[PDB]
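In the form deposited in one PDB entry, a lone chain appears below as structure tokens.
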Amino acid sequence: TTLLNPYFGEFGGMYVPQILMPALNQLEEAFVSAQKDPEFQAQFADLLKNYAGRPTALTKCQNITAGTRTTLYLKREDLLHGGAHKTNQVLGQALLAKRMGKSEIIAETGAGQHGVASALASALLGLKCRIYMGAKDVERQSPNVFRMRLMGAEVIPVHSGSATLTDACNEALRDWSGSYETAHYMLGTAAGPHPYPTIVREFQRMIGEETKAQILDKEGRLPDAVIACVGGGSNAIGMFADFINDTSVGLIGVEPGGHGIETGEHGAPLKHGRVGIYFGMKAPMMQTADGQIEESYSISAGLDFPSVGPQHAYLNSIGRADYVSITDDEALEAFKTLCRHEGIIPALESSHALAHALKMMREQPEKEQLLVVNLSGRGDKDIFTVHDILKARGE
């Protein structure tokens, strides 16, 4: 039995070895108690404001929409301490760990924004942190690696399997299978077994709540649509959650198309995979005909994941939210466009969301539309990636 519904329609659940069910039940109980605890909420609000820098700006893009009837705002999670929205929910989960009397943190990371977020929260709150990261990921964002260990975190490269994000995910559950008794597993997205999809949404929903207050202040109405990239689902559901019952607001999630959906080198299981059970959840997966989990692909390490959180699969199924894909080349163009015309260097992850907003404007330039892009992080971590690509081309 559970205190909260573990499913979103047919998606979700707790598909973990029996040994881990007490840990999930404990976490669920702590979360429900914390959500009712004004002192917990006060502490969480204090860290978000005074340490992470909330509320984040809502920036109106003048230049990039010139000549069209699109008004485009960017929710500036790139300005959050750490450089991405990952920081919001690690602060809440780190408090949850302390509420449970736990003193160690386990985290998984591919791009490294979540591992850095895990390390900084653990440095601040006195938790001993260890981070699993696919060894192929440790090579290409050594910057983010060195950030975590500067912050006192133990960084553990992953040699099992493909040696990437999904492999990093399995190491974390493997370790937490060892002793959840002293460690809390700080899952970094709105996916995995219940209660993580619920917890991560609630600890990210300030993205959407602030966006709604700020758009109403600046425009006097709700947006026509909010657009966010989808790696596992946290920034998107964080943007979406507070608009779900405003039925006139479109909810648009953007999966990575990689080299092109038709190539199969992509990360878009929600629209191009099929339902499976992995990583403790029933959700869309990229998988072989006989049920092996496939390797995904995206230029942006933080979208490169062959599944997606179950609430997105459900919002898609009932038509509440729509999901699209953006290729590497399209994300790279939107990255360049934002640098050059707004002076903001976006994460390549967020550049997928930006790329789709620019497509909605460009395809129908006389359509009147008020759009918000969740700008989930800054792209300083990507300038080396972008430089090498630009160099292999001309320019």
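Residue indices: 1-based, along the sequence shown. Note that the rigid core is defined as the largest set of C-alphas that superpose within 1.5 Å between two forms.
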property: Of 206 to 214 and 90 to 98, the one with larger mean CA B-factor; result: 90 to 98
property: Mean C-alpha B-factor comparison - 62 to 70 and 336 to 344, higher one; result: 62 to 70
property: Criterion, highest CA B-factor; candidates, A153, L79, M285, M281; result: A153
property: Candidate residues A117, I318, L173, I227, the one whose C-alpha B factor the record puts highest; result: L173
property: Ranked C-alpha temperature factor of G161 among modelled chain residues, by third; result: highest
property: Where the record places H259 (Cα B-factor, split into thirds across the chain); result: middle
property: Chain-relative CA temperature factor third for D304; result: middle
property: Chain third (lowest, middle, highest) by recorded CA B-factor, residue given as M133; result: highest
property: Modelled-residue ranking by C-alpha temperature factor, third containing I277; result: middle
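Keep in mind that the form deposited in another entry is missing from the display, and what follows is about it.
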property: Of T182, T288, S248, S160, the one whose Cα moves 2 Å or more between the shown form and the other one after core superposition; result: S160
